[PDB]
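Q: Below you'll find the structure I mean.
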Ligand code: HEM
Ligand code: HEM
Ligand SMILES: [Cl-]
Ligand SMILES: [Cl-]
Ligand code: NA
Ligand code: NA
């Protein structure tokens, strides 16, 4: 069947905005996962998981009689797709159970892991999501094997279709670098927003870079990829060495014996894949990665034997039974148990990437400290495993259940508790009038609130106006935020806040974070009044102000908008057309196509553009909330042509006279070009649409202001 | 960006069931188009359209100073994509404004037509849809040029994204037959469900079949395609000759002058395409099809000149200025006006396909009758234009406004008015008890009601249980309907109906159509009782019974289910995998993926399979409404393999003993393979899901019973 994508493969794709509709969701409109989870008997779940660890199924026999290592891997791959660039990936939506991740080569035989958990999923039903269950199982694995975890939070609601994520442009699984769709350029520079070295890998190639078995070079790829998943050197060493304290790899015979991944398998395989023709195809004969390494002398028990082995032997390059590069201990005794035959033992073995932890000089210093102080190792691992498995959960208000760690961690972008009465509706009205009487303009107020709120991304639930981090480094200096204009607005609002708070009794006060948002509300109300329409914009107080010391500046860098079509802003020059970057931003903001359309058309006419650019400002009443963007865009009296100076800037002239009327960017003009978007623009540009336009704009503005308000969820 | 479709291009596609979500629709969830239309000043709209006919715009100057031919073409192409096989295409969703149809070669320059209507659309806003506006404009064009139409109904609600229609498998526009993705096989047999001879054509090639200018063979393709659009010979001749009474074709220079279609054009084209480098690119220099034919001596006025020309001259093969095959009148004087220069006249000209109406023997007889009796031609054309433009609108109850023709037409599948009191709740309880006391089983009642209601398709809104057409030819003899079992059920229901109706006074009576549906409801209630549960199935009376004389047997044949996965039925052997056919059926029934999932699982256990097949009957309590299908499908204790006899039948055996537990088809097992479907099946197979499953089943059951109930809308 030939499709639109076939005929016009470079046309913009809006389907990403309308994933996750109520059509594909089996649960009722009113289902609230948090409410279900809060009544789960978590202790009972964990007893069932504990029992499962040593209850072998014959269709995928447990190595050493214990499924712990399989489950740790499973949970670490669930989390391990996370990228800091865009927040996409991670364990927080249970996406491992869908395409493509269910069929990535690095996820081979996790289909068996997940199938082992169906009976518990079945028993507890909607009260425990697959997303939560994956991570809970990894924690119970660890605990059953003698490792004390840092804690666990529930609250990852399940999803019902695949997310549309850019995982790379290669058309071959595992393609080595330097092909026609290489993700690498320059001196081994991995393209943003990717966080893995080859298509279908979680981080790095366990043989070494593009299969070259050099631990030093492999260390470069480990450091770079892990950094792109928000882990520093200490955390990376703790996680790799921690994980590889347990279980084993699987490479008992050649990889040609392994058949189709789950999405390609026959209907009779019932959602499993990688069926192997090698001997029994499972257990002692299993093939997963093609490597055949067992790291420790007690693969089912926490120990400090990984570093004992790493540092206690010299290593020789060797090949698994599938032909993969791996390493074996020179001169060693057979001290490693076999997974199924109590009469066999094996020499210690390592991956290239395990040896990275000894031969990269910065890793070696950490690894040695951990070898000499295993208690430090265990604490670092526990902390890093919690961060790994929670990194995309969002604010601590979303954390559910009885095992949530009390310690507040800097990476959580923490928000202090509120310990005073909040402002009421009359206070809000008072403050809106004070803001408008200060002489701050509609443009300043809208722009500032937009800048504060629109750092939110739904991918990892970071960002948003809560915190008032706009006032701090680094947000206060980001170019998009217009640092000198911002500072003047903030000074004025801070004086309003001080005077209101100084007048109160009873401990009532308003945070700056709330006042930034409220003042933006006032701007939108005043713009509506400038158009002749009285509207009240909703406002919910309860934001708190975070300190600089509670804000990790280097982690906040990935939230900087380098492209924000809603402010007609592009920080530099990109390969991806600006309209594609608009739809990417709308997806991160959780906006539908209608929402994105109304929001953009209103911001244009409110003066929200960076630098006060005229591009897309298709109105002669700037700072009035009207549908003029749409009416003027759609006027066939105007003809549009790209400028000679810049192909991405367009001039709109009167068709009859030649007179210059407007200028616009690709982001403005796409609403008059794309057939779906133009259809939306036509609703808002019709003569009956002024009330609708205003109502819909106010609704979407309030939605954006509240994106991070999980305290009200 | 590589996508799931790239990696697994043959995996089943569920996106078609979550098109048209509330996410992509700009109108609020409570918007009701009918109510907006009913308040439209239709007379005002028509005055504005009359004005527009001769208001020429310089960016696309009007031929003869009158846009009427362009608009007729526009409205005939809007309607013209309709196929009877599936009901898809047609004017009823306004789909000409989206991809791919906005860019089909045969819709070249209708982008200009649509743009000329934006000011009207804008002025009247949501009270007239684009869908309605395209048809109304065609009507006003005809009236403006002196042809009185048969009527007009509003009520086509606009849509907001493209429909996923199979238009063919070719990967080249306009590809001639016999290629790697040929729509033709054998003796010029066009593949179902297609209704056009080439990718991107509305029906036929105007030069002749695969470009061969033979009118006799062109007539074969005209007959076949038009029959696939629900039009017989008289209708066909009336429409082609009526259309071609007006306007002209456009081929002033070589087609290489014509640039990108709208979906390929640059952003500055603002949604238009086919920009031409030939001379001024428009007006006298226009290039659309490449043909240069003007049919009559008065192209802007209704006339009897089409058949006077066709019969009055002999025709000579020639070429247009673009090189296309067309025909010129031998020895004729230059009597045809030029569209732009009062000093030029032209000889009469004809397409190959126009000559088909004279050189095909059966068309010749009609054409001569029309020539000799122009009043017969005008009435046939009026009636056929009404049919053409309303064929996908569904029951007359959906027809809005003051110009709806009073005359009931056979093609509308008419249902008599109800002229008596309806059954009340106490009567419904009394009838349900009578049905359950008669001996009819759960399986029979469910099966019968399913058969009756599931003929509905949302594509053209034909079918459904209203009418009780299940009792008439041809539905009563369809194999999927189990004619012998059906007859026995109907006899019993007819005897209940007679006895109830004979006991009433006041004129109260129950239709058989209602009783079939009510009896189905009683089966579902009894099945819940068999499972130990109280359940209430909603029922809405008010269906009437249609007669055999109101039921066109040949038109009804397209509704026959040759695949119905919901009954595990496949009439024969198809190229398309049966699970694809299930999703296609779910789309015509307007079901989401969760709905399709719950529905099928319940039908399986209630005994709705054709022939009492045990395939997918995964329960030991058949005729009890339980979630057993899901719980047993998902049991990892069972291993599945295709049978040696039949690769599309699977056997499910106990993993430990090898013993046979179940058998299933692809339709059954896809719910345990497809990673999205299996996620849905897990929700209904969970331990906490029995009540959910019953509630969800009853809701979807009632949805299906009411699909055609536009008298309640
Ligand atoms: C440089 C980073 C990493 C590399 C290249 C890597 C590589 C791999 C490979 C190739 C396997 C064998 C797959 C199979 O054949 O069954 C595996 C197994 C495993 N890895 Fe890692 N890994 C890394 C990091 C991690 C981390 C961060 C954790 C968790 C903290 C983890 C925990 C495990 C566990 C527990 C197993 C054993 C699975 C079993 O017993 O079935 N790994 N590793
Ligand atoms: C065998 C079926 C038909 C064929 C092959 C056919 C072919 C075409 C072609 C090739 C054009 C020229 C397009 C261009 O270059 O601008 C056209 C024009 C047109 N057709 Fe048809 N046609 C068919 C049936 C119809 C029907 C059923 C109607 C309406 C009832 C219709 C009404 C028109 C009118 C009004 C125009 C003139 C457009 C203008 O003045 O701009 N045709 N036809
Ligand atoms: Cl994601
Ligand atoms: Cl359609
Ligand atoms: Na994420
Ligand atoms: Na249709």
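Each position is counted from 1, following the chain as shown.
Heads up, header says this was done by X-ray crystallography, 1.7 Å.
The backbone N, Cα and C atoms fix where each Cβ goes, and this holds for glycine too.
Dumping what Swiss-Prot says about this protein:
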type	residues	note
ACT_SITE	A:77	active site, proton acceptor
BINDING	A:244	heme b binding site
SITE	A:73	site 'Transition state stabilizer'
Q: Would you count the other CB atoms within 10 A of the CB of residue A:77 (active site, proton acceptor), including those on all shown protein chains?
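A: Excluding its own Cβ, the number within 10 Å is 21.
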Q: Tell me which residues of the chain lie with their Cβ under 8 angstroms from that of residue A:73 (site 'Transition state stabilizer'), as long as they are six or more apart in sequence?
A: A:110, A:113, A:243, A:247
Q: May I ask for the distance between residue A:77 (active site, proton acceptor) and the residue listed as 'heme b binding site', taken between their Cα atoms and rounded to an integer number of Å?
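A: For residue A:77 (active site, proton acceptor) versus the residue listed as 'heme b binding site', the Cα atoms are 14 Å apart.
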Q: Check the residue listed as 'heme b binding site' against DSSP and tell me helix, strand or coil, would you?
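A: DSSP assigns the residue listed as 'heme b binding site' to coil.
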Q: State the count of C-beta atoms found within 10 angstroms of the C-beta of residue A:244 (heme b binding site), not counting that atom itself.
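A: A 10 Å sphere around the Cβ of residue A:244 (heme b binding site) contains 25 other Cβ atoms.
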Q: Which of the recorded positions A:73, A:77, A:244 have a Cβ less than 6 Å from any atom of ligand 3?
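A: Near ligand 3: none of them.
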